[PDB]
Amino acid sequence: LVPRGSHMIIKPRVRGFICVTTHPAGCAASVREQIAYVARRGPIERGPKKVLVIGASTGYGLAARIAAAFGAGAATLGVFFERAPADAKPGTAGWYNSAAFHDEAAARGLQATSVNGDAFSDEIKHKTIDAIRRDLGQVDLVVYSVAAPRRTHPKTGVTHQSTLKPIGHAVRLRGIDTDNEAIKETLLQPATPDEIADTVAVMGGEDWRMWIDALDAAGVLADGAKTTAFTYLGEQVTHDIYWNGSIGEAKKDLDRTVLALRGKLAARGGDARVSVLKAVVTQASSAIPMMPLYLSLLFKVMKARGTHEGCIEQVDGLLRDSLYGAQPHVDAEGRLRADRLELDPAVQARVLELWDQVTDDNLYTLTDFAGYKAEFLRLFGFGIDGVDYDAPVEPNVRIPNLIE
């Protein structure tokens, strides 16, 4: 408000597949909209009171932190990995999201602590444990929502890289080049055994298990505690990659991991579940196989049915209907499901029918590619209602008592 040169006019800048700018005011307004959504259905009674969210700064993890805090009234500890604002170079979106979370939480009286560092590392587990002991005593819910392309193993020091490839045979997948805004095909060779192993190391359940084991050993997991890890399964359109490919092997590891975790927690009346959520735009969406095309089509079809929604709607429902509801949506493997609207048969049929019909010429009219691009920019604080993008904004935003 004070006319300061330190305030910046920040416009979206997409280079290749990533947005290199971030709007602090837009991020905060987005956090406020999510808080407002949770307030629509009011309080979440009989919910968790002391919640750890691993991967708490963006997407589903941020939505979980918001629903738990502003919905259930829970104190929260969030772990994330974000860049702080520095020498007039703004931070990452997740930084501003978490700062805004902190501001809103502080105003309401909801206790909030955050840890910024590599959640895969022992040092961060140790610091998070100390913070729980200091602020919470014990946690009654642990949400695991980490989506990292690589993992430096805490024991071996090996850096594992995740790969999105089919298994057994090559596949050829239609998609959108979001940079050139055109249809393309990507030929993907079958994953090697090393690629499969590395993908499991990054995206499977080992780190989640290490978290639970360490929390429990330190005595900071409450009797009756629940833990859930978020994932995506989708349906036929993307199954070669997201269900049967290298990523599928990581998800199978999550399913195996949760059975042991559940056995561990069930003794004291707790539980562990994999929760399956719908497809949404994420920061990595534009670079990964199939997704911009699949999302553009899915958005078109679900908007037409009035069932389109994003992270906060999904997670608020998951918490109310299933994780803390008396009639949870459960599948054959025992996963909690929030993705029913995506799996609607008429929805899947329409996406499938349109899949091979998209061309360079009809990209914008046959799909909701505009909506994909708008939701991509929302991740970085752009295009949010009520924000004046012509007004200068302060990049240097602090997070109180951040642990690093």
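Method of determination, as annotated in the archive: X-ray crystallography, at 1.900 Å resolution.

Time to look at the packing of helix α1 (residues 24-40) against helix α3 (residues 93-108). Where α1 meets α3, the closest approach of the two axes is 8 Å, and the angle between their N-to-C directions is 50°. Viewed along their axes, α1 and α3 adopt a mutual orientation that is oblique. The way α1 lies across α3 gives a crossing that is right-handed. Between α1, through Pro-24, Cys-27, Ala-28, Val-31, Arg-32 and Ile-35, and α3, the contact on the second element is made entirely by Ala-93, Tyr-96, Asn-97, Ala-100, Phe-101 and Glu-104. Looking at the contact of α1 with α3, its residues break down into nine nonpolar, one polar and two charged.

Let us now look at the side chain of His-102. Mapped onto the elements, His-102 comes out in helix α3. Given a relative accessible area of 4%, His-102 falls into the buried group. Among the polar contacts listed, one links the side chain of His-102 to the side chain of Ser-114, at a separation of 2.7 Å.

To continue, consider unusual backbone geometry. Positioned with a positive phi, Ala-88 is a non-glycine residue whose angle comes to about 50°. Accessibility expressed as a relative area gives 64% for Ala-88, which makes it exposed. Despite not being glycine, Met-290 shows a phi value in the positive range, around 70°. You can see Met-290 is positioned in the loop between β12 (271-276) and α9 (291-305).

Further remarks concern the layout of surface pockets. The space that makes up the second largest pocket amounts to roughly 220 Å³. Around the second largest pocket, the lining comprises 15 residues; the ones closest to its centre are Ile-176, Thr-186, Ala-287, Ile-288 and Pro-289. Contributions of two or more residues to the lining of the second largest pocket are made by β9 (171-177) and β10 (182-188). Of all the elements, β9 adds the most residues to the lining of the second largest pocket, at five residues.

In the structure shown here, the tally under the stated rule is 25 salt bridges. When the shortest N-O distance is used, the salt bridge between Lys-125 and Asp-207 registers 2.6 Å. With a gap of 82 residues between them, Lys-125 in helix α4 (residues 122-135) and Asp-207 in helix α6 (residues 206-217) connect regions that are remote in the sequence. One exposure class covers both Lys-125 and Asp-207, and it is buried. For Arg-305, the salt bridge goes to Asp-344, with nearest N and O atoms at 3.5 Å. Of this pair, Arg-305 sits in helix α9 while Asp-344 sits in the loop between β13 (336-337) and α11 (345-355); the two residues are 39 residues apart in sequence, bridging distant segments of the chain. Judged by its relative accessible area of 21%, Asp-344 is partly exposed. Bridged by salt links that share partners, the residues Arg-151, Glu-206, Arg-209, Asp-213, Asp-216 and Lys-264 form one connected network.

Rules used throughout
- Sequence positions in this view are assigned from 1 along each chain in the order the sequence is written. Entry numbering can differ, and residues without coordinates are absent from the display.
- Think of the side-chain values as coming from all heavy atoms in the structure, minus any hydrogens and water.
- In this analysis, axes come from line fits to C-alpha atoms, helices being fitted only over the stretch in contact, and the angle between any two N-to-C directions falls in the range 0 to 180 degrees.
- In DSSP terms, a helix is any run of H or I states spanning at least four residues, a strand is any run of E spanning at least two, and both are numbered starting from the N terminus.
- Small angles under 35 degrees read as roughly parallel and large ones over 145 as roughly antiparallel, with 65 to 115 read as roughly perpendicular and the rest as oblique.
- Each crossing is labelled by how the near helix is turned from the far one, with a counterclockwise turn of less than a right angle marking it left-handed and a clockwise turn marking it right-handed.
- We call two residues in contact when some of their heavy atoms are within 4.5 Å.
- The classification used treats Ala, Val, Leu, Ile, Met, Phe, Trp, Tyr, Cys and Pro as nonpolar, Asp, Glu, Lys and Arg as charged, and all other residues, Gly among them, as polar.
- Burial status follows relative accessibility: with a 1.4 Å probe on protein chains alone, a residue under 20% of its type maximum counts as buried, one over 50% as exposed, and anything between as partly exposed.
- Here a polar contact is recorded for every N or O atom pair within 3.5 Å, except that within protein the pair must consist of a potential hydrogen donor and a potential acceptor, and residues adjacent in sequence are included only if both atoms are side-chain atoms.
- Points on a 1 Å grid over protein atoms alone make up a cavity when a 1.4 Å probe fits among them but cannot get out, and a pocket when they form an open set with protein on both sides within 12 Å along at least five of seven lines; lining residues each have an atom within 4 Å of a point.
- Grid points are joined across faces, edges and corners, and a volume is the space filled by probe spheres set on the points.
- Salt-bridge detection follows one rule: a side-chain nitrogen of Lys or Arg within 4 Å of a carboxyl oxygen of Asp or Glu.

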